[PDB]
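In what follows, one protein chain appears twice in different forms, each by itself as structure tokens: structure 1 and structure 2.
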Structure 1
């Protein structure tokens, strides 16, 4: 039982030497330089997130170029993620850059763009033109991470609502607006999003973090916007409203993976329900073996402080225990004072949680929920993980070209690294969102077809030695096809390192 496992835990034992979970960092002013990015990589960053809520294409081009230069210097494969603006709603600007409200202040909010730059305490702009269709008298408008609420007193006209301010707040330029419980009808892919996604494809990004995904059909709209040239780019659907949570099964089935986007989610639904959504979404992703990312305010106070709070450490550890492949940083790295330190903390917390995880509970719970008969490659991958447990293997090695076989091994949650030898650089980069996987690139154009697998297996066993995963005489579990079969792995071998 979990209780019996817990009472045997020790703070005095050595922790795992090899970190299984992965860290996604948002790039901004703190971290955009090649130097900064190198230090982030050294600190533990596996994926660079570009937040296309802000910044021009030129700004994000700099991010892309600098990430690639930093990664090339260090010899790493680092994923690059494009996080869409999506159907965001924001206020306009304010006369002065700031305005302050007390409870009972009556304020008009207008969709009329004449007011965009000249917001005051009496009247200001919101950039959602169908506002007065979406929110009725008696309804509420959440402003600025849901910190301030307005009650809609009346509809003055088609462009204007008269509102009652519920609480003290200092409102600044371009804050987020949420309208939970309203019929908000904005596209998953705006014209702006479409241009962003075409930019991502042109520049060869590895994955999209698609904002406010509500339905499977919206996932398909993102995939269509990516086009023929973008068909291998991962779509990670961000779940950040009620309808996304409701439609989670069909969204998971359509997507390559999921982000629990807790910022918007915890304004769209009652903040205390986010914990239940998180547990449920992560476990549903684990069961089907798709990567899942926990996001938002995980180490928030380290934006200004050199150490995290006790709740923040707990939050990161528990996301890992819940079963998340990745954990994410936003403002902590984009604009924080301690971007290297926050990533180093997050990496130490991941490792402690990984080391406090029962070896085989996930393996058995996940396997017990699969339909029998399995496909042969899934019978091979699940039984390979079982054999790694039985022999206490220090590493597994899998040949994967698309990533599929590495993700299938990772699904069964081994307690050792999964070295993936792959023939595609993009697979190297995309496998950064999958727990345990460490990628090695085999250039088949340069080195030959390797039909009998020997070159790639040697490359991975040499990597295992070099990286100090294992040494001579250790057993490694090696998964790939035999000499005939094409398209999937049908074979598992146990090999002693030479």
Structure 2
């Protein structure tokens, strides 16, 4: 039982040596320099996130270039993620550029674009034409990231609602609008996003963090916008509102991965329901074996302070215990005073949660919900992890070209490193969002075809020795194909390190 496991925990015991969870950092003026990025990497950043809400292509090019230089200097494979702006709903402009509201104020909000630039206390524009279908009398409209709240009192015509203002607030031009609990018929990709994705495909980004994903169809439209050139780039769908949460099954099926985008999600649904959504989404991703990232405000106060709050420490530990592959930092590294320290704390907190995790409970829980019969690669991979628990293996080793087999092994949550020997650099970079995985690159152009796996396996066992994952006489669990089977691994071996 979780309870019996808890009572036997010890704060004094040494912790795990090898961090399993992974850390995504948002780059910004605190962290964009090659020097900054090197330290971020030494501190534990696995994936660098470019937030295309802010900054020009020129700005993000510097990030891309600096990340590549920083990683090349340290001999690391660091993923690069493009996080789209996404479509949005905004108010119009106001006269004199602002208006102040008070509780009780009645205000008409209109979908008539005539009113776009002449917002007053009495009447202002919202640029979502379907508005008077999507929110009914009694429903709420949230303005400015939830900070001001309107109750719809009535529909005046097919383009205008009379609303009641709930709280004091000062609006400036073009504030964000959220419609909590309303379906929202905005396109998966805005015009700006197309140019942003085109840029990402051209610069060879490893993954898109796709904003405001509400339906599987929208994931497909993002895949389509990436076209043939970008067919290999991961799509990590950001779950940001109620529809996202409702359609999670079919969104998970269409995506390569998920981000629990708690910031927007906590505006769209009550803040307290975000923990329910988080637990549900992470677990559902664990069940199908797709990477999931927990995001937003995890270590917020470290934007300004050199130590985190108690709440913050528990937030990170709990996202790890919930089952998340990755945890993420935004402002904390984009613009905070302590980018290095914050990543270091997050690394330490991860390691503690990892050591306090019951080894085999995830493995069993996950395995028990799989449909039987399994595909044989998945039987090979789960049973490899089982056999890793049985011999207390110190590492596993898998040959994966696309990353599929590595993600399949990580799905079953071994308690040791998963060394992945791959033939694609992009795969080394993409496996950064997968718990436990450590990539080594095998250069076929330079060392040859390796039909019988022996060179890739040697390379992996040498890496295991060098990185101090295991030593001479330790058992490693090795997964690849036999001499004739092609396209997936059908073989597991137990090998003593020579």
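What we label the rigid core is the largest C-alpha set whose atoms superpose within 1.5 Å from one form to the other. Residue numbers count along the first chain shown, from 1.
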Identity of the moved residue from 351, 321, 366, 152, C-alpha shift 2 angstroms or more, core fit between the two structures:
152
Degrees of rotation of the smaller rigid part against the larger one between the two structures total 23
Where the rigid core has been superposed, how far does the Cα of residue 187 end up moving between the two structures, given in Å?
1.7
Between the two structures, C-alpha offset at residue 96 (rigid core aligned, Å)
10.5
Cα of residue 166: shift between the two structures in Å, core-fitted?
4.0
